[PDB]
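Here's the structure we're looking at; comments come further down.
Chains as they are written, first to last, in the authors' numbering: chain A, 4 to 100, 113 to 122, 132 to 151, 158 to 177, 192 to 350, 358 to 493; chain B, 4 to 56; chain C, 393 to 497; chain D, 281 to 336; chain E, 3 to 133; chain F, 4 to 133; chain G, 4 to 133; chain H, 3 to 133.
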């Protein structure tokens, strides 16, 4: 065609992401043998396409990915970590003599035949006798209500405990971890790995994991601990929706909402609205008011209804105590972790100008013409950088002359123990103050 | 992570006292038998959580 | 680089008249003696701080110049041979920073 | 042991980059994403950089 | 080693305005016995009737005479580039300045240049012991 | 070379009326005042909150020289364009072309101070730069 | 506090085409001139023998500010609704809502003088009033 | 390079209204210390009673003081031709104007000309980082 003969090359194609990935998320769960994905291998799922063809039909992982793709429409690359049922795993069995899972799963002998012909093919229980499509305790959290008898016959048992996080996911840094199992040991192991990511001895992939704990008030606290690496989501004993679907929706919403805005608290009927999850209309919001308050205190995420989409309160982590000090609300709120990660990466980027820069230590000062420096000037520059970031990264300050210190390795380590070129920066920052209780009196 | 490869090695931690001890105080009194502390032995109390035990 | 730079700087003394323990320089001669050579080398080492060497530790001890007569035994040394001992120290550069953050509220 | 790329290619790239960057600047450490980057050598996407933490 | 007035280190970093090339931080030296002169408070006051004062927004200026480096073009010292200057005094005080601009380029003889540096804010390091 | 001073001053005169070119004739310094320069072709101005207004300006040169008795005095006071070239002792060379004298002063007939203006002044920067 | 001057200036922009809300953002003074006010919502006029004809008017406001480089210049010249709040050094606070720029004068792109017209401007009157 | 108010490049393209010729884009330069001055909002307002404001159709104007180019007839700068001006400030902002016309020519001395350019709309490049 004329006017295109040189000097210009059109490349019309609708598949071009000019931004490029961003805010990766990992989903961990079990897949059935009907799939074609290698277990214990992180893979990237990039569409609401086949999925089933890779991770099986009706597996918990398949539904978790479906809900993640429902909640999140763009701006994230989604990763999956398939798992295989344990050898001794026993499938839980239910019997029906209708609402199941979420809304889109909802629907004598003639009744049963037509019902099975209308049950969704991706439902995680084989059809009236219902049998779990995966082996483990995950199948024990099924509830069927007629919006007919349903009281279960077999209880599943034995859950996988991989403990292969170091080998499987070594250095692919992640932001949000979604685990679709109620096994406390598995959640604790994920906690240990995520904490190991925040290790002073290695480069850090700052991430966060979201887990659920369903049960009565007495036992849900017994599951919790002092670790801030996970956002324990308390779920009442009579929770209708499958817990992993709610957990995955919460994780996906948090990931996509924050991504490049690592300061927004996931709250409110507009910013913490899990639209994909649907529940039957009801009055009792699970936990009682005292139960809600107790869960609020002990670092447990409480959720409530707004078909009604659910809504969460107290978007906090499970951080209640210091080493042994009680008052520590620094890492209580979930956003505090994101602020800490952003501040750390920003400070690391700023400090990059001292690579290979000649440092003239205690003995003398800089001679004319050299491009070196000394600790006092570096401390002053760091102080001014900290000052210039007030209002976006830190609070104003308490005492900047006391909250920032720079020390050479020579004057910290004993005689002949220190080595040249290494410094020690001590800094006590303060997260910016945001909206909070107003305590209106009329 | 990006640019966190050598040089800067982050050590974020909630409890890092940068001053160090200072003006120690001693409290003396009677305790019940439910405690797990050695009687007539001076010990440093970390915080308020474990005093009852 | 420091070795080749020192070799280039020391080239002025090759072929230069040198007056050993015998006596001092007389008027008009273009010679030198070990003390002045050591002083010049010491000042050159001092002037290269920040680009070749470190600041220093104690310059009165890291640089020594010795004639070959006072190193080897009697009737073993040779004229016009010098022994220079210098303890280098590379310039200090950037390294680990070890940032510690203790947030509050 | 499970290194995909042919070892001599990576070795040659490292040596060439080191010599070629230093040349007349015999002070720059060949390190960091800015300076310790072997542009020519490529690898398939992976999550396990060979050696684990202990042997690293 | 207090009780002495003077500067110990002068660090200047040049950033070109059109090429965006960063040079420094290079150490400099005084051209004479006149010390660098500072002004921290970024508000200029004025006199009104009966003790009232009107606060008008202004700049934290800094007058800095230095000997130019022979490796840097003279135009960089007269307003064709940004400067990130930082000065350390003998008593431990450090003045840190970023994103500064030379406002009134005075004709220089080619060795000594007097800078009239204007920036948003100047930070004082205030040697230990404060308030 | 640690020696501040000028070593050669070359001036070329181009009469603005007859278009006759004379030079480049070496010149002589009249006193201890050195030629003074300003290379940055922009004049800044102080504003508030650290902002600065960049206004286009001209490159100037204050060059005091001893007049040459073979050259009319009018050439040093704005009757001719000047092509000045000054080399310092430390190797630096300032090159100026198509200059003009802006504010002539009342000169005694031996020493003249030239206030020269050009679009841009070149710098030679003796070896070793940036 | 025996000091005259503004401490904080907050402006919130509401586009009239897309109904997009931006801010509030703290701004900076462009020079020594302080913002001026006319809070009393009625304008008088002189009549014969002491009488005054009382007529309706606007609570105007002349606000010179330095434009933010993250906001289009058109938003400062009447292409959007402004909701401006200002606090003086003595604690007085003027609050303005649903204000519009009335006479956009052609500006150089750094400092903008905004002539805001509003229904009414509320005053804080720091502790101790009437 | 930011925090410096000024103009870096001025590009003008002349389109004669008689011969329909096109010349440019030719770089120009400032005649004095005054900066080019803009008005982007294509609507002008007017004060009314009790807070209301009347919006009426208007134009995006522009005052461009430039030094005339000796290769271009002076009549082009004075309304005998159409101009497509494009000004880039030192902070990265680029104001683009097409299909312009000089409205109120003034007598010029033959070197410095001050345009009063009008157009339907002026586009702002708004350097990276927006809203």
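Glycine residues also receive a C-beta, built at the ideal position from the N, C-alpha and C atoms.
Neighbour list for residue i in chain F, Cβ cutoff strictly below 8 Å
i, result
"residue 31 of chain G", "51 and 52"
When the options are compared against residue i, the one with the closest alpha-carbon
i, options, result
"residue 4 of chain E", "E/93, E/47, E/13 and E/68", "E/93"
"residue 28 of chain B", "B/47, B/53, B/52 and B/54", "B/47"
"residue 112 of chain F", "F/44, F/78, F/102 and F/125", "F/78"
"residue 129 of chain F", "F/51, F/91, F/103 and F/48", "F/91"
"residue 60 of chain G", "G/121, G/131, G/83 and G/126", "G/121"
"residue 461 of chain C", "C/474, C/450 and C/455", "C/474"
"residue 117 of chain A", "A/75, A/469 and A/319", "A/319"
"residue 97 of chain A", "A/364, A/163, A/215 and A/296", "A/163"
"residue 408 of chain A", "C/451, C/495 and C/443", "C/443"
"residue 350 of chain A", "A/370, A/325 and A/482", "A/325"
"residue 379 of chain A", "A/247, A/371 and A/386", "A/371"
"residue 226 of chain A", "A/270, A/50, A/277 and A/248", "A/277"
"residue 11 of chain H", "H/132, H/110, H/101 and H/95", "H/95"
"residue 46 of chain F", "F/58, F/13, F/114 and F/37", "F/58"
"residue 116 of chain H", "H/7, H/132, H/44 and H/37", "H/37"
Residue i: contacting residues in chain A (beta-carbon distance under 7 Å)
i, result
"residue 450 of chain C", "Those within 7 Å of residue 450 of chain C in chain A number zero; the least Cβ separation is about 10 Å."
Test item: CB-CB of residue i and residue j under 7 Å
i, j, result
"residue 410 of chain A", "residue 484 of chain C", "yes"
"residue 97 of chain F", "residue 119 of chain F", "no"
"residue 195 of chain A", "residue 95 of chain A", "no"
"residue 74 of chain E", "residue 9 of chain E", "no"
"residue 33 of chain E", "residue 85 of chain E", "no"
"residue 287 of chain A", "residue 279 of chain A", "yes"
"residue 399 of chain A", "residue 6 of chain B", "yes"
"residue 87 of chain G", "residue 76 of chain G", "no"
"residue 219 of chain A", "residue 251 of chain A", "yes"
"residue 109 of chain E", "residue 39 of chain F", "yes"
"residue 455 of chain A", "residue 478 of chain A", "yes"
"residue 472 of chain A", "residue 393 of chain C", "no"
"residue 82 of chain A", "residue 45 of chain A", "yes"
Amino acids of chain C, ordered along the chain, whose beta-carbon sits closer than 7 Å to that of residue i
i, result
"residue 406 of chain A", "486"
Amino acids of chain A, ordered along the chain, whose beta-carbon sits closer than 8 Å to that of residue i
i, result
"residue 88 of chain E", "428, 431 and 432"
"residue 443 of chain C", "421"
Where the alpha helix (DSSP H) through residue i begins and ends
i, result
"residue 429 of chain A", "426-439"
"residue 13 of chain G", "Note, residue 13 of chain G: premise wrong, no alpha helix (DSSP H); beta strand (DSSP E) at 9-18."
"residue 315 of chain A", "312-315"
"residue 397 of chain C", "394-401"
"residue 59 of chain H", "Element bounds for residue 59 of chain H: not the alpha helix (DSSP H) but the beta strand (DSSP E), 55-59."
"residue 94 of chain H", "Where residue 94 of chain H is concerned, there is no enclosing alpha helix (DSSP H), given that its DSSP letter is neither H nor E."
Under 9 Å from the C-beta of residue i: neighbouring residues of chain A
i, result
"residue 306 of chain D", "Those do not exist, as residue 306 of chain D stays about 12 Å from chain A at its closest Cβ, beyond 9 Å."
"residue 42 of chain E", "Under the 9 Å cutoff, chain A gives no residues; its nearest Cβ is about 13 Å from residue 42 of chain E."
"residue 300 of chain D", "The premise fails here: residue 300 of chain D is roughly 17 Å from chain A at the closest Cβ pair, so nothing lies under 9 Å."
Start-to-end residues for the beta strand (DSSP E) that takes in residue i
i, result
"residue 83 of chain H", "83-85"
"residue 140 of chain A", "Looking at the DSSP string, residue 140 of chain A is not in any beta strand (DSSP E); the run it does join, the alpha helix (DSSP H), is 133-142."
"residue 165 of chain A", "Run containing residue 165 of chain A: none; DSSP gives neither H nor E here."
Within chain H, the residues that residue i reaches when beta carbons sit closer than 9 Å
i, result
"residue 101 of chain E", "4 and 5"
"residue 106 of chain G", "46, 47, 48 and 49"
Neighbour list for residue i in chain F, Cβ cutoff strictly below 7 Å
i, result
"residue 71 of chain G", "Per Cβ cutoff of 7 Å: no residues; residue 71 of chain G is ~12 Å from chain F at best."
Contacts that residue i makes with chain H (C-beta to C-beta distance below 8 Å)
i, result
"residue 83 of chain F", "Ordered by position in chain H, no residue passes the 8 Å Cβ test against residue 83 of chain F, which lies about 21 Å from the chain."
8 Å Cβ cut-off: residues of chain G touching residue i
i, result
"residue 57 of chain E", "6, 7, 8 and 92"
Within chain B, the residues that residue i reaches when beta carbons sit closer than 9 Å
i, result
"residue 495 of chain C", "15 and 17"
### Task
Give, in chain order, every unbroken run of the alpha helix (DSSP H) that is at least 4 residues long and sits entirely within the segment 242-295 of chain A.
261-267
### Message
Quick check on the DSSP output: what are the complete alpha helix (DSSP H) runs of length 4 or more inside the segment 38-95 of chain A, in order along the chain?
### Response
55-58 and 63-74
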